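To start, the structure itself, in structure tokens.
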Ligand SMILES: [Zn+2]
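Numbering (PDB author numbering), first residue to last: 1 to 46.
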């Protein structure tokens, strides 16, 4: 139940589904491919 995906790292560019860490953004944006599927055509609330 406790927090699962800890979003407390060093690098500024951190994922949202895995809160990973990366040096550049390109790596992150593209890295999001590992989470393919969820295609929200609209904005998110929380
Ligand atoms: Zn990720």
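All C-beta atoms, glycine included, are put in the ideal place defined by N, C-alpha and C.
- At a cut-off of 7 Å, the beta-carbon of residue 38 does not count as near ligand 1: no heavy atom of the ligand is closer than that.
- Counting only the Cα atoms, residue 22 lies some 15 Å from residue 6.
- Counting along the chain, the unbroken alpha helix (DSSP H) around residue 30 starts and ends at 25-31.
- With a cut-off of 7 Å, the C-beta of residue 35 is classified as near ligand 1, since at least one heavy atom of the ligand falls inside that distance.
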